[PDB]
Amino acid sequence: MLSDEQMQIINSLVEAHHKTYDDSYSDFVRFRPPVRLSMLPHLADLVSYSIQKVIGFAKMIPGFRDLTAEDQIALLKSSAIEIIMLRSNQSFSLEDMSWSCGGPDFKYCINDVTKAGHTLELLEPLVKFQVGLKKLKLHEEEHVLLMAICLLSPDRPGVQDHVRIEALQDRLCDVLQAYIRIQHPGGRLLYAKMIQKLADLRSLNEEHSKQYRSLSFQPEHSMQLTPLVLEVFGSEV
Amino acid sequence: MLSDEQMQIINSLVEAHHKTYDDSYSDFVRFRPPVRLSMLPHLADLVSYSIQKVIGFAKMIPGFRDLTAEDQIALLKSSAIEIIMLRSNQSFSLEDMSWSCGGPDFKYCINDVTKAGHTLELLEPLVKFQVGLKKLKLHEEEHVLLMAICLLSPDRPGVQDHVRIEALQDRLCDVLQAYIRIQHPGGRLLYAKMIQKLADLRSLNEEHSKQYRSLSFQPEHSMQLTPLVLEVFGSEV
Amino acid sequence: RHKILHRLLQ
Amino acid sequence: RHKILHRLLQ
Ligand SMILES: C=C1/C(=C\C=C2/CCC[C@]3(C)[C@@H]([C@H](C)CCCC(C)(C)N)CC[C@@H]23)C[C@@H](O)C[C@@H]1O
Ligand SMILES: C=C1/C(=C\C=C2/CCC[C@]3(C)[C@@H]([C@H](C)CCCC(C)(C)N)CC[C@@H]23)C[C@@H](O)C[C@@H]1O
């Protein structure tokens with residue numbers, strides 16, 4: 001069985017996630033509406049709102065607050081698009097092969113994302129990633145542990161206190177691995193599967209940074225982004 | 001009577017304005033919706049869209065295109081909020097004392113603007129300005145001439161070719177003054193009235209820059225602005 | 001600097 | 001630099 005320290009970590013992570021992911025999606029009506037690069041305004045707002053949520057989630061991870069502000073920014077700039085891809089799995093549906101956020105207005109199929117300036121070189125692996133992650137049938141606990149582990153990866157450009165963050169991510173990996181053993185029947189191969197998805201996210205991050213570069217180099221498109229998106233996905237150090 | 005050169009200038013300005021002001025206001029549905037700082041997202045989009053329109057208007061003013069890009073930026077940064085205040089008179093209604101843009105969703109009373117972070121120190125003079133300008137009952141020709149004259153003011157921080165722009169604004173003032181004499185019955189005092197409104201706009205510009213400074217110094221608010229708003233109302237040279 | 005304004009102005 | 005991120009992070 002798991003210890004109290006590990007149990008408190010799971011509780012903190014679940015609560016943090018319930019505090020920052022609204023299953024009702026009612027805030028989506030405040031975004032610039034979708035149009036079917038007609039979808040860029042709506043998806044820019046969607047991602048902008050999602051980044052604020054990830055920041056809120058990160059601040060409630062045990063020990064993340066105790067990092068320097070530079071390390072927190074470092075981690076968030078490298079990992080934000082990855083956490084968004086992970087957290088979005090919760091709206092992803094295998095039936096529709098789309099992200100369904102509580103209404104046909106906010107049902108995003110792949111072709112919607114084409115009209116925000118992305119190509120299949122990103123959307124193909126993205127959707128296969130969502131499919132595979134959805135098939136893992138992760139417990140809520142496992143889902144939130146993976147986001148925290150992804151966020152707390154020391155192997156990011158810009159990180160200062162490599163030792164401290166690797167310790168944090170070590171703790172979470174131990175929690176996850178113990179959780180999968182005790183609470184997840186038939187979980188013998190699950191941890192390795194989850195670690196592989198982390199590797200998949202690195203390649204999706206790379207392809208996304210590529211396509212974001214092309215858009216942000218055209219002011220008529222980058223002007224449709226939000227200030228927070230420009231800050232987080234931008235290249236400043 | 002007026003000459004052909006002056007007549008062509010009036011025609012060019014009217015056409016430019018008809019090309020950049022949509023009386024149907026149908027684009028407003030694409031803005032983040034209004035909420036009744038709940039109105040900041042919607043009004044930020046409104047102003048952002050209006051700035052693009054003013055740029056489009058400026059580019060069709062005779063001779064503005066022939067300025068250096070620095071002078072064009074100089075003029076636009078100083079004068080954008082003034083042209084917006086002028087051009088908005090076309091949606092302003094004396095009956096409602098509001099700006100009515102083709103629907104109750106896009107009817108902006110003063111209290112809406114309070115919920116975007118402004119105080120009566122701006123909204124009081126703004127609305128009195130709209131009232132007085134509305135009472136002048138300007139001809140379309142006179143309305144567009146005043147916007148071009150306001151845009152082409154050499155007395156702006158940053159302007160390089162003071163002589164060239166003053167010549168341009170001289171030409172337009174001559175056109176306006178001749179137009180008011182020949183085509184506007186009872187226009188004997190109109191030119192002076194219009195020149196005074198230009199002075200009124202300087203003070204509204206000043207009060208607005210003040211309140212924009214306070215908002216933009218709070219990132220939780222400035223993050224709701226658009227990139228174009230931040231560029232134009234910002235202080236870079 | 002003035003990235004968007006320079007575009008737009010063509 | 002990182003004006004918004006520093007806020008938000010409190
Ligand atoms: C945001 C989430 C959700 C749906 C994420 C999806 C759907 C649309 C396309 C999305 C945004 C992908 C796009 C390539 C990212 C577009 C970025 C930009 C600025 C436009 N260039 C990355 C995640 C994809 C909904 C919900 O679960 C919340 C959750 O945070
Ligand atoms: C924009 C126009 C119109 C309505 C302008 C009005 C109405 C609302 C309050 C407005 C925007 C005033 C506010 C003090 C400006 C708010 C700026 C910001 C970013 C939010 N801090 C300046 C003009 C005012 C509608 C139409 O005629 C188009 C035309 O360009």
# chains A, B, ... in the order shown; residues from 1 in each chain; ligands from 1

$ calpha_fit_and_write --fixed "chain C" --moving "chain D" --output "PDB file with C-alpha atoms, in the first residue's frame"
ATOM      1  CA  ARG D   1       9.127  47.016 -33.165  1.00  0.00           C
ATOM      2  CA  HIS D   2       5.698  48.042 -34.480  1.00  0.00           C
ATOM      3  CA  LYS D   3       5.579  44.602 -36.097  1.00  0.00           C
ATOM      4  CA  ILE D   4       1.844  44.706 -36.810  1.00  0.00           C
ATOM      5  CA  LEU D   5       1.706  48.366 -37.794  1.00  0.00           C
ATOM      6  CA  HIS D   6       4.439  47.915 -40.433  1.00  0.00           C
ATOM      7  CA  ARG D   7       2.434  45.096 -41.953  1.00  0.00           C
ATOM      8  CA  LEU D   8      -1.095  46.420 -42.429  1.00  0.00           C
ATOM      9  CA  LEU D   9       0.571  49.609 -43.737  1.00  0.00           C
ATOM     10  CA  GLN D  10       1.896  47.276 -46.521  1.00  0.00           C
TER      11      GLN D  10
END

$ residues_near_ligand --ligand "ligand 2" --cutoff "7 Å" --atoms "only C-alpha atoms and all ligand atoms" --output "list in words"
residues 40, 43, 44, 46, 47, 50, 81, 84, 85, 87, 88, 89, 90, 91, 99, 101, 108, 113, 116, 117, 118, 123, 208, 212, 225 and 229 of chain B

$ interface_residues --of "chain B" --to "chain C" --cutoff "10 Å" --atoms "only C-alpha atoms" --output "ChimeraX atom specification"
/B:52,55-56,58-59,65,69-70,72-73,76-77,227-228,230-232,234,236-237

$ interface_residues --of "chain B" --to "chain A" --cutoff "8 Å" --atoms "only C-alpha atoms" --output "ChimeraX atom specification"
/B:29-33,223-228

$ atom_distance --atom1 "atom CA of residue 57 of chain A" --atom2 "atom CA of residue 163 of chain A"
22.1 Å

$ closest_residue --among "A:141, A:124, A:95, A:71" --to "ligand 1" --atoms "only C-alpha atoms and all ligand atoms"
A:124

$ select_by_dssp --residues "segment 42-148 of chain A" --states "strand (DSSP E or B)" --output "list in words"
residues 92, 93, 98, 99, 100, 107 and 108 of chain A

$ residues_around --residues "residue 177 of chain B" --least-positions-apart "5" --cutoff "10 Å" --atoms "only C-alpha atoms" --output "list in words"
residues 142, 172, 182, 187, 188, 190, 191 and 192 of chain B

$ residues_around --residues "residue 133 of chain B" --least-positions-apart "2" --cutoff "12 Å" --atoms "only C-alpha atoms" --output "number ranges by chain"
B: 85-90, 92-94, 125-131, 135-139, 142-143, 146, 190, 193-198, 200-201

$ write_last_selection --atoms "N, CA, C and O atoms" --output "CSV table (one decimal), in the first residue's frame"
chain,number,residue,atom,x,y,z
B,85,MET,N,-12.7,58.3,-31.7
B,85,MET,CA,-13.7,59.1,-31.0
B,85,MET,C,-14.5,59.9,-32.1
B,85,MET,O,-15.7,60.0,-32.0
B,86,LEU,N,-13.8,60.4,-33.1
B,86,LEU,CA,-14.6,61.1,-34.2
B,86,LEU,C,-15.5,60.1,-35.0
B,86,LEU,O,-16.7,60.4,-35.1
B,87,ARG,N,-14.9,59.0,-35.4
B,87,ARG,CA,-15.7,58.1,-36.3
B,87,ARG,C,-16.9,57.5,-35.6
B,87,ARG,O,-17.9,57.2,-36.2
B,88,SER,N,-16.7,57.3,-34.3
B,88,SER,CA,-17.8,56.8,-33.5
B,88,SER,C,-19.0,57.7,-33.4
B,88,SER,O,-20.1,57.2,-33.0
B,89,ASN,N,-18.8,59.0,-33.7
B,89,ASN,CA,-20.0,59.9,-33.7
B,89,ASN,C,-21.1,59.4,-34.6
B,89,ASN,O,-22.3,59.6,-34.3
B,90,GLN,N,-20.7,58.6,-35.6
B,90,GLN,CA,-21.7,58.1,-36.6
B,90,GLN,C,-22.6,57.1,-35.9
B,90,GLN,O,-23.8,56.9,-36.4
B,92,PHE,N,-23.3,57.3,-32.6
B,92,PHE,CA,-23.8,58.0,-31.4
B,92,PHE,C,-25.2,58.5,-31.6
B,92,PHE,O,-25.5,59.1,-32.7
B,93,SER,N,-26.1,58.3,-30.6
B,93,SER,CA,-27.5,58.8,-30.7
B,93,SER,C,-27.7,59.8,-29.6
B,93,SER,O,-27.4,59.6,-28.4
B,94,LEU,N,-28.3,61.0,-30.0
B,94,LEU,CA,-28.7,62.0,-29.0
B,94,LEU,C,-29.8,61.4,-28.1
B,94,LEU,O,-29.8,61.8,-26.9
B,125,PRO,N,-16.4,64.1,-20.3
B,125,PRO,CA,-16.0,64.9,-21.5
B,125,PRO,C,-16.2,64.2,-22.8
B,125,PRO,O,-16.6,64.8,-23.8
B,126,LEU,N,-16.0,62.9,-22.9
B,126,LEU,CA,-16.3,62.1,-24.1
B,126,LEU,C,-17.7,62.3,-24.6
B,126,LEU,O,-17.9,62.6,-25.7
B,127,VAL,N,-18.7,62.1,-23.7
B,127,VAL,CA,-20.0,62.1,-24.1
B,127,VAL,C,-20.5,63.6,-24.4
B,127,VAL,O,-21.3,63.8,-25.3
B,128,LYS,N,-20.0,64.5,-23.7
B,128,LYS,CA,-20.3,65.9,-24.1
B,128,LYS,C,-19.7,66.3,-25.4
B,128,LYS,O,-20.3,66.9,-26.2
B,129,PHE,N,-18.5,65.7,-25.7
B,129,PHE,CA,-17.9,65.9,-27.0
B,129,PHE,C,-18.8,65.3,-28.1
B,129,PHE,O,-19.1,66.0,-29.1
B,130,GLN,N,-19.3,64.1,-27.9
B,130,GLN,CA,-20.1,63.5,-28.9
B,130,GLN,C,-21.4,64.3,-29.1
B,130,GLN,O,-21.9,64.5,-30.2
B,131,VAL,N,-22.0,64.8,-28.0
B,131,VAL,CA,-23.2,65.6,-28.1
B,131,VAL,C,-22.9,66.8,-28.9
B,131,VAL,O,-23.7,67.1,-29.9
B,135,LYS,N,-24.4,67.8,-32.7
B,135,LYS,CA,-25.2,69.0,-32.9
B,135,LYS,C,-24.7,69.7,-34.1
B,135,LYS,O,-25.5,70.4,-34.8
B,136,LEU,N,-23.4,69.7,-34.4
B,136,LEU,CA,-22.9,70.4,-35.6
B,136,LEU,C,-23.5,69.9,-36.9
B,136,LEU,O,-23.5,70.5,-37.9
B,137,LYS,N,-24.2,68.7,-36.9
B,137,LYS,CA,-24.9,68.1,-38.0
B,137,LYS,C,-24.0,68.1,-39.3
B,137,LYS,O,-24.4,68.6,-40.3
B,138,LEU,N,-22.8,67.7,-39.1
B,138,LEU,CA,-21.8,67.7,-40.2
B,138,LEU,C,-22.2,66.9,-41.4
B,138,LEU,O,-22.9,65.9,-41.3
B,139,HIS,N,-21.9,67.5,-42.6
B,139,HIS,CA,-22.1,66.7,-43.8
B,139,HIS,C,-21.0,65.6,-43.8
B,139,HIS,O,-20.0,65.7,-43.2
B,142,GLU,N,-17.7,66.8,-44.6
B,142,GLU,CA,-17.1,67.5,-43.5
B,142,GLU,C,-16.6,66.6,-42.5
B,142,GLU,O,-15.5,66.7,-42.0
B,143,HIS,N,-17.4,65.6,-42.1
B,143,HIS,CA,-17.0,64.5,-41.2
B,143,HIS,C,-15.7,63.9,-41.7
B,143,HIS,O,-14.7,63.7,-40.9
B,146,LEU,N,-12.6,66.2,-41.5
B,146,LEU,CA,-12.1,66.4,-40.1
B,146,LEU,C,-11.2,65.2,-39.6
B,146,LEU,O,-10.1,65.5,-39.0
B,190,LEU,N,-19.0,77.4,-38.9
B,190,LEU,CA,-18.8,76.0,-38.8
B,190,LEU,C,-17.3,75.6,-38.7
B,190,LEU,O,-16.9,74.8,-37.9
B,193,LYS,N,-15.9,76.0,-35.4
B,193,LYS,CA,-16.4,75.0,-34.5
B,193,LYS,C,-15.7,73.7,-34.6
B,193,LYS,O,-15.4,73.0,-33.6
B,194,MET,N,-15.4,73.4,-35.9
B,194,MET,CA,-14.8,72.1,-36.1
B,194,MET,C,-13.3,72.1,-35.6
B,194,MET,O,-12.9,71.1,-35.0
B,195,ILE,N,-12.6,73.2,-35.8
B,195,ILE,CA,-11.3,73.3,-35.3
B,195,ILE,C,-11.2,73.2,-33.8
B,195,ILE,O,-10.3,72.7,-33.2
B,196,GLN,N,-12.3,73.7,-33.1
B,196,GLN,CA,-12.3,73.6,-31.7
B,196,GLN,C,-12.5,72.2,-31.2
B,196,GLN,O,-11.8,71.8,-30.2
B,197,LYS,N,-13.3,71.4,-31.9
B,197,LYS,CA,-13.4,70.0,-31.6
B,197,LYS,C,-12.1,69.3,-31.7
B,197,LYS,O,-11.8,68.3,-31.0
B,198,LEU,N,-11.2,69.7,-32.7
B,198,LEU,CA,-9.9,69.1,-32.8
B,198,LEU,C,-9.1,69.3,-31.4
B,198,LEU,O,-8.5,68.4,-30.9
B,200,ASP,N,-10.5,69.8,-28.5
B,200,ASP,CA,-11.2,69.0,-27.5
B,200,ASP,C,-10.6,67.6,-27.6
B,200,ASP,O,-10.5,66.9,-26.6
B,201,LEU,N,-10.3,67.1,-28.8
B,201,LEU,CA,-9.8,65.7,-28.9
B,201,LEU,C,-8.4,65.6,-28.3
B,201,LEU,O,-8.1,64.5,-27.8

$ select_by_dssp --residues "chain C" --states "helix (DSSP H, G or I)" --output "list in words"
residues 3, 4, 5 and 6 of chain C

$ decode --residues "segment 158-203 of chain A" --atoms "N, CA and C atoms" --output "PDB file, in the first residue's frame"
ATOM      1  N   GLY A 158      16.299  26.121 -20.111  1.00  0.00           N
ATOM      2  CA  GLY A 158      16.107  27.240 -19.216  1.00  0.00           C
ATOM      3  C   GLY A 158      16.099  26.900 -17.737  1.00  0.00           C
ATOM      4  N   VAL A 159      15.936  25.626 -17.389  1.00  0.00           N
ATOM      5  CA  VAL A 159      15.802  25.231 -15.994  1.00  0.00           C
ATOM      6  C   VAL A 159      17.111  25.458 -15.253  1.00  0.00           C
ATOM      7  N   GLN A 160      17.022  26.074 -14.073  1.00  0.00           N
ATOM      8  CA  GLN A 160      18.193  26.346 -13.253  1.00  0.00           C
ATOM      9  C   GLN A 160      18.444  25.214 -12.262  1.00  0.00           C
ATOM     10  N   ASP A 161      17.508  25.001 -11.337  1.00  0.00           N
ATOM     11  CA  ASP A 161      17.693  24.031 -10.258  1.00  0.00           C
ATOM     12  C   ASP A 161      17.304  22.635 -10.754  1.00  0.00           C
ATOM     13  N   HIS A 162      18.167  22.094 -11.614  1.00  0.00           N
ATOM     14  CA  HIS A 162      17.926  20.774 -12.182  1.00  0.00           C
ATOM     15  C   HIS A 162      17.731  19.730 -11.088  1.00  0.00           C
ATOM     16  N   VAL A 163      18.540  19.800 -10.035  1.00  0.00           N
ATOM     17  CA  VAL A 163      18.493  18.781  -8.994  1.00  0.00           C
ATOM     18  C   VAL A 163      17.154  18.814  -8.269  1.00  0.00           C
ATOM     19  N   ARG A 164      16.677  20.009  -7.916  1.00  0.00           N
ATOM     20  CA  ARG A 164      15.458  20.099  -7.113  1.00  0.00           C
ATOM     21  C   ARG A 164      14.256  19.576  -7.879  1.00  0.00           C
ATOM     22  N   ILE A 165      14.135  19.971  -9.142  1.00  0.00           N
ATOM     23  CA  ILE A 165      12.970  19.589  -9.922  1.00  0.00           C
ATOM     24  C   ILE A 165      12.998  18.096 -10.223  1.00  0.00           C
ATOM     25  N   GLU A 166      14.173  17.551 -10.544  1.00  0.00           N
ATOM     26  CA  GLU A 166      14.273  16.106 -10.754  1.00  0.00           C
ATOM     27  C   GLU A 166      13.840  15.338  -9.509  1.00  0.00           C
ATOM     28  N   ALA A 167      14.171  15.856  -8.323  1.00  0.00           N
ATOM     29  CA  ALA A 167      13.676  15.249  -7.093  1.00  0.00           C
ATOM     30  C   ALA A 167      12.158  15.280  -7.045  1.00  0.00           C
ATOM     31  N   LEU A 168      11.554  16.433  -7.358  1.00  0.00           N
ATOM     32  CA  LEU A 168      10.098  16.513  -7.365  1.00  0.00           C
ATOM     33  C   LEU A 168       9.508  15.490  -8.316  1.00  0.00           C
ATOM     34  N   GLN A 169      10.005  15.459  -9.553  1.00  0.00           N
ATOM     35  CA  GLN A 169       9.447  14.543 -10.537  1.00  0.00           C
ATOM     36  C   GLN A 169       9.694  13.096 -10.146  1.00  0.00           C
ATOM     37  N   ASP A 170      10.817  12.824  -9.463  1.00  0.00           N
ATOM     38  CA  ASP A 170      11.065  11.499  -8.898  1.00  0.00           C
ATOM     39  C   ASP A 170       9.957  11.099  -7.933  1.00  0.00           C
ATOM     40  N   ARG A 171       9.618  11.988  -6.997  1.00  0.00           N
ATOM     41  CA  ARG A 171       8.563  11.696  -6.032  1.00  0.00           C
ATOM     42  C   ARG A 171       7.270  11.314  -6.743  1.00  0.00           C
ATOM     43  N   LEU A 172       6.870  12.103  -7.747  1.00  0.00           N
ATOM     44  CA  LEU A 172       5.618  11.853  -8.458  1.00  0.00           C
ATOM     45  C   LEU A 172       5.654  10.536  -9.230  1.00  0.00           C
ATOM     46  N   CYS A 173       6.784  10.223  -9.858  1.00  0.00           N
ATOM     47  CA  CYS A 173       6.895   8.958 -10.568  1.00  0.00           C
ATOM     48  C   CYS A 173       6.761   7.775  -9.614  1.00  0.00           C
ATOM     49  N   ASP A 174       7.358   7.881  -8.424  1.00  0.00           N
ATOM     50  CA  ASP A 174       7.186   6.852  -7.401  1.00  0.00           C
ATOM     51  C   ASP A 174       5.726   6.704  -7.011  1.00  0.00           C
ATOM     52  N   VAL A 175       5.038   7.831  -6.799  1.00  0.00           N
ATOM     53  CA  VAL A 175       3.618   7.797  -6.467  1.00  0.00           C
ATOM     54  C   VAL A 175       2.845   7.088  -7.565  1.00  0.00           C
ATOM     55  N   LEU A 176       3.027   7.529  -8.813  1.00  0.00           N
ATOM     56  CA  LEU A 176       2.310   6.921  -9.928  1.00  0.00           C
ATOM     57  C   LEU A 176       2.566   5.421  -9.985  1.00  0.00           C
ATOM     58  N   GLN A 177       3.835   5.031  -9.922  1.00  0.00           N
ATOM     59  CA  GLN A 177       4.181   3.628 -10.072  1.00  0.00           C
ATOM     60  C   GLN A 177       3.557   2.794  -8.956  1.00  0.00           C
ATOM     61  N   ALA A 178       3.621   3.285  -7.720  1.00  0.00           N
ATOM     62  CA  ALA A 178       2.947   2.601  -6.624  1.00  0.00           C
ATOM     63  C   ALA A 178       1.438   2.583  -6.834  1.00  0.00           C
ATOM     64  N   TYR A 179       0.854   3.712  -7.259  1.00  0.00           N
ATOM     65  CA  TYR A 179      -0.589   3.732  -7.488  1.00  0.00           C
ATOM     66  C   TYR A 179      -1.000   2.703  -8.532  1.00  0.00           C
ATOM     67  N   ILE A 180      -0.244   2.604  -9.622  1.00  0.00           N
ATOM     68  CA  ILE A 180      -0.643   1.676 -10.665  1.00  0.00           C
ATOM     69  C   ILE A 180      -0.564   0.233 -10.162  1.00  0.00           C
ATOM     70  N   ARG A 181       0.334  -0.060  -9.220  1.00  0.00           N
ATOM     71  CA  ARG A 181       0.489  -1.441  -8.741  1.00  0.00           C
ATOM     72  C   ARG A 181      -0.689  -1.861  -7.870  1.00  0.00           C
ATOM     73  N   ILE A 182      -1.096  -0.991  -6.954  1.00  0.00           N
ATOM     74  CA  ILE A 182      -2.030  -1.334  -5.891  1.00  0.00           C
ATOM     75  C   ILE A 182      -3.488  -1.158  -6.305  1.00  0.00           C
ATOM     76  N   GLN A 183      -3.817  -0.067  -7.020  1.00  0.00           N
ATOM     77  CA  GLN A 183      -5.196   0.333  -7.303  1.00  0.00           C
ATOM     78  C   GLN A 183      -5.681   0.044  -8.724  1.00  0.00           C
ATOM     79  N   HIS A 184      -4.800  -0.268  -9.682  1.00  0.00           N
ATOM     80  CA  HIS A 184      -5.193  -0.431 -11.086  1.00  0.00           C
ATOM     81  C   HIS A 184      -5.084  -1.890 -11.516  1.00  0.00           C
ATOM     82  N   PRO A 185      -6.166  -2.664 -11.464  1.00  0.00           N
ATOM     83  CA  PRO A 185      -6.078  -4.084 -11.841  1.00  0.00           C
ATOM     84  C   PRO A 185      -5.644  -4.261 -13.294  1.00  0.00           C
ATOM     85  N   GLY A 186      -4.669  -5.143 -13.505  1.00  0.00           N
ATOM     86  CA  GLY A 186      -4.068  -5.294 -14.818  1.00  0.00           C
ATOM     87  C   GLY A 186      -3.179  -4.144 -15.261  1.00  0.00           C
ATOM     88  N   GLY A 187      -2.563  -3.425 -14.322  1.00  0.00           N
ATOM     89  CA  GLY A 187      -1.759  -2.257 -14.635  1.00  0.00           C
ATOM     90  C   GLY A 187      -0.284  -2.533 -14.828  1.00  0.00           C
ATOM     91  N   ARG A 188       0.073  -3.804 -14.972  1.00  0.00           N
ATOM     92  CA  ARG A 188       1.471  -4.224 -14.978  1.00  0.00           C
ATOM     93  C   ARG A 188       2.315  -3.459 -15.994  1.00  0.00           C
ATOM     94  N   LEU A 189       1.746  -3.142 -17.157  1.00  0.00           N
ATOM     95  CA  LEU A 189       2.473  -2.455 -18.216  1.00  0.00           C
ATOM     96  C   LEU A 189       2.059  -0.992 -18.358  1.00  0.00           C
ATOM     97  N   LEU A 190       1.288  -0.463 -17.413  1.00  0.00           N
ATOM     98  CA  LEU A 190       0.723   0.863 -17.625  1.00  0.00           C
ATOM     99  C   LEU A 190       1.773   1.951 -17.462  1.00  0.00           C
ATOM    100  N   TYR A 191       2.647   1.835 -16.454  1.00  0.00           N
ATOM    101  CA  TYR A 191       3.607   2.904 -16.193  1.00  0.00           C
ATOM    102  C   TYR A 191       4.486   3.162 -17.410  1.00  0.00           C
ATOM    103  N   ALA A 192       5.024   2.092 -18.000  1.00  0.00           N
ATOM    104  CA  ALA A 192       5.835   2.222 -19.206  1.00  0.00           C
ATOM    105  C   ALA A 192       5.038   2.853 -20.343  1.00  0.00           C
ATOM    106  N   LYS A 193       3.758   2.502 -20.464  1.00  0.00           N
ATOM    107  CA  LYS A 193       2.928   3.097 -21.501  1.00  0.00           C
ATOM    108  C   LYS A 193       2.809   4.588 -21.294  1.00  0.00           C
ATOM    109  N   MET A 194       2.673   5.008 -20.033  1.00  0.00           N
ATOM    110  CA  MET A 194       2.482   6.425 -19.746  1.00  0.00           C
ATOM    111  C   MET A 194       3.762   7.197 -20.001  1.00  0.00           C
ATOM    112  N   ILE A 195       4.903   6.608 -19.621  1.00  0.00           N
ATOM    113  CA  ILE A 195       6.198   7.230 -19.867  1.00  0.00           C
ATOM    114  C   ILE A 195       6.438   7.400 -21.358  1.00  0.00           C
ATOM    115  N   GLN A 196       5.954   6.460 -22.171  1.00  0.00           N
ATOM    116  CA  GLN A 196       6.111   6.601 -23.614  1.00  0.00           C
ATOM    117  C   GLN A 196       5.297   7.774 -24.142  1.00  0.00           C
ATOM    118  N   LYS A 197       4.086   7.974 -23.612  1.00  0.00           N
ATOM    119  CA  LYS A 197       3.300   9.132 -24.027  1.00  0.00           C
ATOM    120  C   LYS A 197       4.018  10.436 -23.704  1.00  0.00           C
ATOM    121  N   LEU A 198       4.766  10.481 -22.602  1.00  0.00           N
ATOM    122  CA  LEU A 198       5.585  11.661 -22.340  1.00  0.00           C
ATOM    123  C   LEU A 198       6.552  11.916 -23.488  1.00  0.00           C
ATOM    124  N   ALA A 199       7.208  10.857 -23.975  1.00  0.00           N
ATOM    125  CA  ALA A 199       8.094  10.989 -25.130  1.00  0.00           C
ATOM    126  C   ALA A 199       7.332  11.443 -26.368  1.00  0.00           C
ATOM    127  N   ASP A 200       6.118  10.916 -26.567  1.00  0.00           N
ATOM    128  CA  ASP A 200       5.299  11.346 -27.697  1.00  0.00           C
ATOM    129  C   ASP A 200       5.012  12.840 -27.625  1.00  0.00           C
ATOM    130  N   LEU A 201       4.787  13.356 -26.416  1.00  0.00           N
ATOM    131  CA  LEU A 201       4.510  14.771 -26.240  1.00  0.00           C
ATOM    132  C   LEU A 201       5.695  15.632 -26.638  1.00  0.00           C
ATOM    133  N   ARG A 202       6.920  15.156 -26.415  1.00  0.00           N
ATOM    134  CA  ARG A 202       8.080  15.931 -26.836  1.00  0.00           C
ATOM    135  C   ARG A 202       8.059  16.163 -28.341  1.00  0.00           C
ATOM    136  N   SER A 203       7.710  15.136 -29.113  1.00  0.00           N
ATOM    137  CA  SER A 203       7.701  15.294 -30.559  1.00  0.00           C
ATOM    138  C   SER A 203       6.534  16.160 -31.007  1.00  0.00           C
TER     139      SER A 203
END
